[PDB]
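Trainee: In the entry's author numbering, the protein residues as written are 1 to 330.
Have a look at this one before I ask anything.
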């Protein structure tokens, strides 16, 4: 089997992407944030504290003839950005782009943090990291991909995120029309439960390539590119007037700037992030200070190849017995 679904930016900045997901019988379609940095499929629901729901579409398990309470199971998650959610668990039928999993754990939120409430466009998350990170207790649950894998034509999914435009998540096949040149594959460590890999270096603009190993995670659920402070300083040094602002929470730059590109290495291959991808707009409405899309990972404890990086590539998440990651230009 295969699946193919369009993923759509939630706003003009590509702050996140939402993908429609069918849950239950009859289908209830919710727009979920596909997150290769976590491993829980959780939704706003009829059980979510009413004051914490503000415009989201909810899953109502009592209206699904295929829903079953997973008795005794609870979940609770906290994300790198400080947001969180928790609740109980149902199993139900879940379909993405025509690919169906029966008995998928659907984690129903009883509580969500303010950041989730305040974002009316995201109805929940669909985790695509390794199932070892799933938070369901006392019986850990499998991700949608893990459940689908054996049925797929090939045990893979691909992320093709657009810049200021829709893109595609495919399951079970590689669309050879969706990228240019060849796909370069690179080793993955699953030891921390992430799609963790090592970039071979970087360049700023038309500058020379610096060969240096940068360990990090491919994370579709993180907006920005978080890299070591040395790398980030080298990038912003090429933008007149750019500075790190403790008050704002990262590098800012004059909105009048033209940003240089940023290149990262994948083996001997190179992925170029155009300068425009690195612009996250005014820090507040009407400001001439703009927020940068490349930020320091210092104090996160891990480098993160978030959407800023991934949307410059066609990315293969290869879930074979020994997982790997593939990157192509597009």
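Yeah, the Cβ is synthetic: ideal placement off N, Cα and C, and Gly gets one too.
With 16 other CB atoms within 10 Å as the buried threshold, where does residue 99 fall?
Mentor: By one-based count along the chain shown, residue 99 stands at place 99. When all chains shown are included, residue 99 counts as buried.
Trainee: Going by CA-CA distance only, name the one from 122, 102 and 129 that's closest to residue 217.
Mentor: Taking the first residue of the chain shown as position 1, residue 217 is located at position 217. Closest option to residue 217, Cα to Cα, is 129.
Trainee: Whole alpha helix (DSSP H) runs in the segment 220-257 with 4 or more residues, listed along the chain?
Mentor: As far as the segment 220-257 is concerned, its whole alpha helix (DSSP H) runs of at least 4 residues are 229-236.
Trainee: So the candidates are 246, 160, 119 and 122; which of them puts its Cα closest to the Cα of residue 177?
Mentor: Numbered from 1 along the chain shown, position 177 holds the residue referred to as residue 177. If we check each option's Cα against that of residue 177, 160 comes out closest.
Trainee: So what's residue 170 in DSSP terms, helix, strand or just coil?
Mentor: Taking the first residue of the chain shown as 1, we reach residue 170 at position 170. The answer is strand: DSSP assigns residue 170 an E or B state.
Trainee: Which residues share a DSSP beta bridge with residue 51?
Mentor: The count along the chain shown starts at 1 and reaches residue 51 at position 51. Residue 51 pairs with nothing; no bridge assigned.
Trainee: Are the beta-carbon atoms belonging to residue 119 and residue 43 less than 9 angstroms from one another?
Mentor: For the purposes of this step, residue 119 is taken as residue 119 along the chain shown, with counting starting at 1. For the purposes of this step, residue 43 is taken as residue 43 along the chain shown, with counting starting at 1. Against a cut-off of 9 angstroms, the Cβ pair of residue 43 and residue 119 comes out as no contact.
Trainee: Distance, Cα to Cα, residue 72 vs residue 135?
Mentor: In the chain shown, counting from the first residue as 1, residue 72 sits at position 72. In the chain shown, counting from the first residue as 1, residue 135 sits at position 135. Each residue's Cα considered, the two are about 14 angstroms apart.
Trainee: Considering Cα atoms alone, identify which of 54, 279, 244 and 80 is closest to residue 256.
Mentor: For the purposes of this step, residue 256 is taken as residue 256 along the chain shown, with counting starting at 1. The shortest C-alpha separation from residue 256 is found at 279.
Trainee: Counting Cβ pairs, one atom from each stretch, are 3 or more of them under 8 angstroms apart for the segment 139-159 and the segment 292-305?
Mentor: No, the segment 139-159 is not in contact with the segment 292-305.
Trainee: With which residues is residue 118 paired in a DSSP beta bridge?
Mentor: As a first step, residue 118 is located in the chain shown; it is residue number 118 there, counting from the start. Residue 118 is not bridged to any residue.
Trainee: Which two residues bound the contiguous alpha helix (DSSP H) that contains residue 136?
Mentor: Taking the chain shown and counting its residues from 1, the one referred to as residue 136 is at position 136. No alpha helix (DSSP H) contains residue 136, which DSSP labels as neither H nor E.
Trainee: At the level of alpha carbons, what is the spacing between residue 103 and residue 19?
Mentor: Mapped onto the chain shown, residue 103 falls at position 103. Mapped onto the chain shown, residue 19 falls at position 19. If you take the alpha carbons of residue 103 and residue 19, they lie about 20 angstroms apart.
Trainee: Could you spell out where the beta strand (DSSP E) holding residue 305 opens and where it closes?
Mentor: For this step, residue 305 is matched to residue 305 along the chain shown. Note, residue 305: beta strand (DSSP E), 303-305.
Trainee: Whole angstroms is fine: what's the gap from residue 97's alpha carbon to residue 105's?
Mentor: Counting from 1 along the chain shown, the entry for residue 97 is found at position 97. Counting from 1 along the chain shown, the entry for residue 105 is found at position 105. Between residue 97 and residue 105, the C-alpha separation is close to 18 angstroms.
Trainee: Going straight from the alpha carbon of residue 302 to that of residue 65, what length do you get?
Mentor: By 1-based counting over the chain shown, the position of residue 302 is 302. By 1-based counting over the chain shown, the position of residue 65 is 65. Their Cα atoms are separated by approximately 42 angstroms.
Trainee: Under 9 angstroms between the Cβ atoms of residue 127 and residue 38?
Mentor: Stepping through the chain shown from its first residue, residue 127 is reached at position 127. Stepping through the chain shown from its first residue, residue 38 is reached at position 38. Taking 9 angstroms as the Cβ cut-off, residue 127 and residue 38 qualify as a contacting pair.
Trainee: DSSP three-state label for residue 288, please.
Mentor: Position 288 of the chain shown, counted from the first residue, corresponds to residue 288. It is coil, neither helix nor strand.
Trainee: If contacts are defined as beta-carbon pairs under 8 angstroms, then residue 193 and residue 132 qualify, I think. What distance do you get, rounded to the angstrom?
Mentor: In the chain shown, counting from the first residue as 1, residue 193 sits at position 193. In the chain shown, counting from the first residue as 1, residue 132 sits at position 132. With 8 angstroms as the limit, residue 193 and residue 132 qualify as a contact, their Cβ atoms being about 5 angstroms apart.
Trainee: Out of 290, 201, 9 and 115, point me to the one whose CA is closest to residue 228's CA.
Mentor: The sequence position of residue 228 within the chain shown is 228, counting from 1. Taking only the C-alpha atoms, the option nearest residue 228 is 201.
Trainee: Rounding to the nearest angstrom, what Cα-Cα distance links residue 113 and residue 174 in this structure?
Mentor: Here residue 113 refers to the residue found at position 113 when the chain shown is read from its first residue. Here residue 174 refers to the residue found at position 174 when the chain shown is read from its first residue. Whole-angstrom Cα-Cα distance: 36 angstroms.
Trainee: Please check the pair residue 108 and residue 61, which I expect to be a contact at CB under 8 angstroms, by giving their CB distance rounded to whole angstroms.
Mentor: Along the chain shown, read from residue 1 onward, the residue named residue 108 stands at position 108. Along the chain shown, read from residue 1 onward, the residue named residue 61 stands at position 61. Right, their Cβ atoms sit about 7 angstroms apart.
Trainee: Less than 8 angstroms between the CB atoms is what I'm expecting for residue 153 and residue 2, so what's the real figure, rounded?
Mentor: Numbered from its first residue, the chain shown carries residue 153 at position 153. Numbered from its first residue, the chain shown carries residue 2 at position 2. That belief holds up - the Cβ atoms of residue 153 and residue 2 are roughly 6 angstroms apart, short of 8 angstroms.
Trainee: How big is the Cα-Cα spacing for residue 209 and residue 188?
Mentor: As a position in the chain shown, residue 209 is number 209, starting the count at 1. As a position in the chain shown, residue 188 is number 188, starting the count at 1. For residue 209 and residue 188, the distance between alpha carbons rounds to 23 angstroms.
Trainee: Does residue 66 come out as helix, strand or coil in the three-state DSSP assignment?
Mentor: Taking the first residue of the chain shown as 1, we reach residue 66 at position 66. In the structure shown, residue 66 sits in coil (DSSP, three-state: anything other than H, G, I, E or B).
Trainee: Exposed or buried, residue 309, counting other C-beta atoms within 10 Å across all chains shown (16 or more means buried)?
Mentor: Working through the chain shown from its first residue, we reach residue 309 at position 309. With 16 or more other Cβ atoms within 10 Å, it is buried.
Trainee: Going straight from the alpha carbon of residue 68 to that of residue 27, what length do you get?
Mentor: Here residue 68 refers to the residue found at position 68 of the chain shown. Here residue 27 refers to the residue found at position 27 of the chain shown. Near 15 angstroms, if we compare the C-alpha coordinates of residue 27 and residue 68.
Trainee: With a CB to CB cut of under 7 angstroms and the five nearest residues on each side skipped, what residues in its chain are close to residue 211?
Mentor: The residue labelled residue 211 in the question sits at position 211 within the chain shown. Closer than 7 angstroms at the Cβ level, and outside the excluded window around residue 211, lie 200 and 201.
Trainee: Check this for me: beta carbons of residue 89 and residue 70, under 9 angstroms apart or not?
Mentor: Looking up residue 89 in the chain shown gives position 89. Looking up residue 70 in the chain shown gives position 70. In this structure, residue 70 lies closer than 9 angstroms to residue 89 by Cβ.
Trainee: Put residue 331 into one of helix, strand or coil per three-state DSSP.
Mentor: Residue 331 falls outside the range modelled here, since the chain spans only 1 to 330, and no answer is possible.
Trainee: Report buried or exposed for residue 254, applying the criterion of at least 16 other Cβ atoms within 10 angstroms of its Cβ.
Mentor: Indexing the chain shown from 1 puts residue 254 at position 254. With fewer than 16 other Cβ atoms within 10 Å, it is exposed.
Trainee: Report yes if the CB atom of residue 273 is closer than 9 angstroms to the CB atom of residue 312, and no otherwise.
Mentor: Here residue 273 refers to the residue found at position 273 when the chain shown is read from its first residue. Here residue 312 refers to the residue found at position 312 when the chain shown is read from its first residue. Yes, these two residues count as a Cβ contact at 9 angstroms.
Trainee: Assuming residue 184 contacts residue 327 under a Cβ cut-off of 8 angstroms, what Cβ separation, rounded to an integer in Å, is found between them?
Mentor: By one-based count along the chain shown, residue 184 stands at place 184. By one-based count along the chain shown, residue 327 stands at place 327. Residue 184 to residue 327, Cβ: 6 angstroms. Contact.
Trainee: Near residue 250, which residues of its chain fall below 8 angstroms by C-beta distance, leaving aside the five closest residues on each side in sequence?
Mentor: By 1-based counting over the chain shown, the position of residue 250 is 250. These residues qualify, in order along the chain: 244, 291, 292, 295 and 296.
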